[PDB]
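For reference, the structure is listed below as structure tokens.
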Amino acid sequence: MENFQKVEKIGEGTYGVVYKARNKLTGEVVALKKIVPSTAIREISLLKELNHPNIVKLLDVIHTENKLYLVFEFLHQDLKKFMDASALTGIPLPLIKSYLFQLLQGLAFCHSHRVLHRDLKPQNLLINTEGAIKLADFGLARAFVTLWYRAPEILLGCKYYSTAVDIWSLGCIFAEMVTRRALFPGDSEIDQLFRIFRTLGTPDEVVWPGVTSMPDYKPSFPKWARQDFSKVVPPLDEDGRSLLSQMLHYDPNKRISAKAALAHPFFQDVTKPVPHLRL
Ligand SMILES: CC(C)c1cc(-c2cc(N3C[C@H](O)[C@@H](O)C3)ccc2O)nc(N)n1
């Protein structure tokens with residue numbers, strides 16, 4: 002640890018405080034993460050091999066007296082700040098398409114390695130000036146406040162959810178980049194659920210087999226009618242609405258996978274434009 006010097010507080014975290022720091026020896030700039038069980042130790046220790054260009058690289062792990070530290074590669078900005086910095090004009094679709102494309106590449110990689118992020122949000126999606134976007138905090142959930150990106154199966158008490166939960170979160174985020182407003186802004190677990198129901202229609206056995214046998218499912222749930230999808234993410238084109246719709250399928254097994262998503266017609270004319278940041 003005494004191989005670092007804190008440049009400045011960058012942001013609080015789910016499990017700890019995050020710091021920008023310079024490796025007193027290599028002078029390199031890194032993102033320090035201050036977080037114990039050996040399982041967690043092994044668990045996060047495995048992540049180090051989980052390398053991909055769209056996954057924020059985990060440089061090292063430093064466990065000292067209960068004090069666990071995670072060294073990560075540093076990027077200058079998250080997607081929440083980027084979205085706010087552009088709220089008035091909104092992100093140019095080409096960039097939205099490229100970002101969603103790269104994120105699907107990163108999810109495809111983790112998922113194949115039987116890994117899930119479990120908690121995707123604008124805050125754990127970092128960007129650089131080059132036009133690339135990466136996934137941060139992958140694998141941390143299994144090792145150990147917003148519900149806006151939480152998949153419905155999770156909210157329904159299912160304790161054995163699949164990689165599909167990440168896809169749902171990404172779909173939610175995709176909608177958010179297009180509308181400049183969060184798709185399902187819940188302020189409680191049930192409120193989160195009712196907002197999903199209000200937009201996608203209260204699920205039943207027809208669109209989601211086994212849905213009613215689920216843990217927190219209640220027959221007393223109000224019955225909201227599904228809303229024509231074109232009122233949800235306008236003016237996203239039909240290819241986009243098509244892809245988004247499959248990412249938001251109720252039935253986790255039906256919900257489109259990252260790999261399949263990477264071949265949707267929506268990405269046919271995808272590119273890699275550079276955004277404009279002000280560091
Ligand atoms: C826009 C602002 C939020 C930000 C975040 C980061 C930044 C953020 C993270 N995090 C910490 C969380 O656990 C994970 O969800 C993302 C990691 C490295 C960073 O450089 N770097 C810069 N320059 N600016």
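Residues 2 to 280 in the working numbering are what the sequence shown spells out, letter by letter.
Ideal placement from N, C-alpha and C gives every residue a C-beta, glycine not left out.
Endpoints, alpha helix (DSSP H) assigned at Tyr-100: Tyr-100: member of the alpha helix (DSSP H) spanning 94 to 113, first to last residue.
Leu-171 beta carbon less than 8 Å from that of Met-248: Their beta carbons are under 8 Å apart, which means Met-248 touches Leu-171 by this criterion.
Three or more C-beta pairs below 8 Å linking the region 148 to 167 and the region 250 to 262: Yes, the region 148 to 167 touches the region 250 to 262.
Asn-129 Cβ short of 7 Å to ligand 1 heavy atom set: No.
4 or more residues per run - each alpha helix (DSSP H) lying fully within the region 134 to 169: Those alpha helix (DSSP H) runs which fall completely within the region 134 to 169 and span 4+ residues are 141 to 144, 153 to 156.
Proximity to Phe-198 [Cα-Cα], best of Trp-225, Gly-14, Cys-159: Checking every option, the nearest Cα to that of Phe-198 belongs to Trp-225.
Runs of alpha helix (DSSP H) wholly within the region 12 to 88 (minimum 4 residues, chain order): Segments of the alpha helix (DSSP H) lying fully in the region 12 to 88: 39 to 48, 80 to 85.
Closer than 7 Å: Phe-73 CB and nearest ligand 1 heavy atom: Correct: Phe-73 has its Cβ closer than 7 Å to ligand 1.
Completely contained beta strand (DSSP E) runs for the region 164 to 235, where each covers 3 or more residues: Correct list: empty.
Best match in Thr-90, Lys-49, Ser-46, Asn-4 for proximity to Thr-27 [C-alpha to C-alpha]: Here the closest residue by C-alpha is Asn-4.
Other residues of its chain near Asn-125: CB distance less than 6 Å, five sequence neighbours each side excluded: Closer than 6 Å at the Cβ level, and outside the excluded window around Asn-125, lie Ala-137, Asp-138.
Three-state class that DSSP yields for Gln-124 in the structure shown: Three-state DSSP puts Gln-124 in a helix.
Distance, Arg-182 Cα to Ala-86 Cα: Each residue's alpha carbon lies about 13 Å from the other.
Within 8 Å, strictly: CB atoms of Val-234 and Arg-242: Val-234 is a Cβ neighbour of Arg-242, given a cutoff of 8 Å.
Cβ-Cβ distance between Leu-59 and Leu-69 below 8 Å: Taking 8 Å as the Cβ cut-off, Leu-59 and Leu-69 do not qualify as a contacting pair.
Interface flag, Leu-263 vs chain D, CB-CB below 8 Å: Absent from the structure is chain D; it holds one protein chain and no more.
DSSP three-state assignment for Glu-9, whether helix, strand or coil: The answer is strand: DSSP assigns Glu-9 an E or B state.
Within 8 Å, strictly: CB atoms of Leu-80 and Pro-123: Yes, Cβ-Cβ distance for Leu-80 and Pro-123 is below 8 Å.
Cβ shell of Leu-33 (< 6 Å), same chain only, five flanking positions each side left out: Cβ contact annotation for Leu-33 (same chain, cutoff 6 Å, sequence separation greater than five): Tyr-20, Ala-22, in chain order.
Contacts around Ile-36, its chain only, beta-carbon distance under 6 Å, and the 5 residues preceding and following it disregarded: The beta carbon of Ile-36 lies closer than 6 Å to those of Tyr-16, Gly-17, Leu-69 in the same chain, with the five residues before and after it left out.
Inter-residue spacing [alpha-carbon to alpha-carbon] between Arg-279 and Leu-76: The alpha-carbon atoms of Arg-279 and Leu-76 are separated by roughly 13 Å.
Same chain only: Cβ atoms within 7 Å of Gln-6, ignoring 5 sequence neighbours per side: Excluding residues within five positions, the ones whose Cβ falls inside 7 Å are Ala-22, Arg-23, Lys-25.
C-beta atoms of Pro-274 and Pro-54 nearer than 8 Å: Contact: no.
Backbone secondary structure at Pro-266 - three-state DSSP: Correct three-state label for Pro-266: helix.
Any non-hydrogen atom of ligand 1 within 7 Å of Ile-11 CB: True, at least one ligand heavy atom lies under 7 Å from that Cβ.
Of the residues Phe-73, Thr-40, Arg-43, the one placed nearest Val-30, counting alpha carbons only: Closest in C-alpha terms to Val-30, from the list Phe-73, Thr-40, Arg-43, comes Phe-73.
Classification of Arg-115 by the beta-carbon crowding that lies within 10 angstroms, buried from 16 upward: Label assigned to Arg-115: exposed.
Cβ-Cβ distance between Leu-148 and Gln-103 below 8 Å: Pairing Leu-148 with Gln-103 gives a Cβ-Cβ distance that is not under 8 Å.
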